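Undergrad: The sequence isn't on hand, but the structure is:
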């Protein structure tokens, strides 16, 4: 919940626990989805290509 | 907030539900003794507290024998001698029941019980009944069985002692059938008495035992009230009709208080939903063949108009539909029409050659 | 009279279908009696409308 | 609003209702509204005739 | 009926008496079938596999 990225032991092996970004405050401009790595990455590649 | 990934599997049961309605077939039994005082909760025929007297055990045994089936639940409360009746009466008002009876009682006790029943059926809006040895109480709440020197099992029984057997016989029967003309294999003789006398006693609201056909049978079990007002019609004199009316009242009141009291807003659509629920219950009851097939429920109109006029609102121009639209403020007015069936009692057959 | 008092008194609700069932039972008894050759073959029983 | 305009001494005898509503008030707003508040069902009266 | 599992001498040998579960109260969602060992066991295996 702090935006911290951690490593968790669960099930058989060691797995990453819900990779999220570092930002914590959500403005009316910067919505929730800007916290996911995958979404920000696809936005970046779209920007670069266009 | 973003948390750890959630994977959850939930298992639930298909809670197939039939609504629990008010219990019918319970008997309130009161008796005086110095042992096992208070309620005794004889739910099962076999088990009986042992410290009770043998004669009182015989009274219980007369109480247990059901008409078609055993009574659903028997509640016997033991009271200390000379403790008056009110001490037991509050105890009984604490819990629910259907029929009450006293084998041993003086006429003062019967007067107290009849006054209690009349006040409770109209003040507290609770429908209960009781059988008394010999009273001329003119209410629907009491049934006056009167027959002297009843011989059961080589033993003489007065009317007051036999009232227990009468109450058990009444509670045994289902609501579909009636009590009239039911065999009592236990009794073996009654003092002889003519048919016109039976007509006279029955016309008095008295309940009588008759010797007819091969066996010994009840002769047209009726209520105790005799005067017929413009309010209380003839049908209020039959045990079956008043009993099904009591059941209807209890079920409707329980539903209303349990769900629609203080939990839904008073608006027209909520009124329609309540009407639909009431009609659904009535149709469900009709399926069991206690009332006629077609019944109607509709919001009362004249009472609503009178209530609005009592508030000073001007209702001259608003249409009847708009009148039903009007807000009432936590008050609901409804009227419903039903037709109650009865068991076959008199058959007239005409054959020509 | 014996059949009526034994089965249909104080045990059946007064309704149209119950009356039809009583009619059917009475007609069945009449047909059974007809088999013993005491009455003519065809007999009719129905609800008394005038009364 | 009419009373307030009278209080400042304006002569509104000829001015019509809409024109009275049109007049400037100077940072003053006067509004009135009507509503009807619902309540939960509390008393139920059911009448049955047999 | 008290939710206890008991050992009974009946027929030729000593046998289990209707192996049932320890829960006794019945709620709206916990129905009758949740009292059987076999049913709860197969439910558990379904949960784990899925």
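TA: Yep, that arrived. Numbering: from 1, shown residues only, chains lettered A, B, ... in the order given.

Undergrad: Could you list the contact residues of chain A toward chain B?
TA: Counting by CB under 8 Å from any CB of the partner chain, the residues of chain A close to chain B are A:1, A:8, A:17-18, A:20, A:35. The way it works is simple: take the backbone N, C-alpha and C, and place the C-beta from them, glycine included.

Undergrad: Would you mark the buried spots in whichever strand or helix holds residue A:40?
TA: Assigned by DSSP states H and E, residue A:40 belongs to helix A:37-49. For helix A:37-49, the buried set under the neighbour-count rule, 16 or more other CB atoms under 10 Å in any protein chain shown, is empty.

Undergrad: now that helix, how far from the chain's geometric center?
TA: Distance, stretch centre to chain centre, for helix A:37-49: 12 Å (CA atoms, centre = their mean, to the nearest Å).

Undergrad: what does that helix rub up against?
TA: A:19-21, A:33-34 (CB atoms under 8 Å, 6 or more residues apart in numbering or on different chains).

Undergrad: In contact with residue A:5, which residues?
TA: Residues near residue A:5 by CB under 8 Å, 6+ apart: A:16-17, A:19-20, A:22.

Undergrad: how near is it to residue B:160?
TA: Counting by CB to CB, to the nearest Å, the gap between residue A:5 and residue B:160 amounts to 88 Å.

Undergrad: Identify the residue nearest the closest residue to chain B within chain A in space, chain neighbours excluded?
TA: Going by CB to the nearest CB, chain B is nearest to residue A:1 of chain A, at 5.1 Å. In space, not counting the residues next to it along the chain, residue A:1 is nearest to residue B:1; the distance is 5.1 Å by CB to CB, 6 or more residues apart in numbering or on different chains.

Undergrad: With chain C as the reference, measure out to the one you found.
TA: Separation of residue B:1 from chain C (CB to the nearest CB, to the nearest Å) stands at 65 Å.

Undergrad: coming back round to it: can you say which of the residues of chain A next to chain B are buried?
TA: With burial judged by 16+ other CB under 10 Å, the buried subset of the residues of chain A next to chain B is A:20, A:35.

Undergrad: What about the residues of chain A next to chain B, which are in strands?
TA: Under the assignment DSSP state E, these contribute residue A:8 to strands.

Undergrad: Let me see the contact set for residue A:16.
TA: A:5, A:7-8.

Undergrad: can you rerun that using 10 Å?
TA: A:5-8 (CB atoms under 10 Å, 6 or more residues apart in numbering or on different chains).

Undergrad: do residue A:19 as well
TA: When contacts are counted by CB under 10 Å, 6+ apart, residue A:19 touches A:5-6, A:36-38.

Undergrad: In the residues you listed, find the pair that's most separated.
TA: A:6 and A:38 (18.0 Å; CB to CB).

Undergrad: Run a quick neighbour tally on the closest residue to chain E within chain A.
TA: Nearest residue of chain A to chain E: residue A:11, at 11.7 Å (CB to the nearest CB). By the criterion of other CB atoms under 10 Å in any protein chain shown, residue A:11 has 7 neighbours.

Undergrad: Phi, psi for it please.
TA: Main-chain dihedrals, residue A:11, degrees, to the nearest 10: phi 60, psi -140.

Undergrad: re the thing from before, if you look at the residues of chain A next to chain B, which of them are in helices?
TA: Within the residues of chain A next to chain B, no residue falls in helices by DSSP state H.

Undergrad: in what helix or strand does the residue in chain A that chain D sits nearest to lie?
TA: For chain A and chain D, the shortest gap (CB to the nearest CB) falls at residue A:28, measuring 28.9 Å. Counting by DSSP H and E, there is no helix or strand that carries residue A:28.

Undergrad: List the contacts of residue A:1.
TA: A:20, A:24, B:1-3.

Undergrad: Between its first and last residues, how far does stretch A:22-32 reach?
TA: With CA to CA, to the nearest Å as the measure, stretch A:22-32 spans 12 Å from end to end.

Undergrad: Show me which positions of it end up buried.
TA: Buried, per 16+ other CB under 10 Å, within stretch A:22-32: nothing.

Undergrad: which residues sit against that stretch?
TA: A:1-5, A:34-35, A:39-40, B:1-2.
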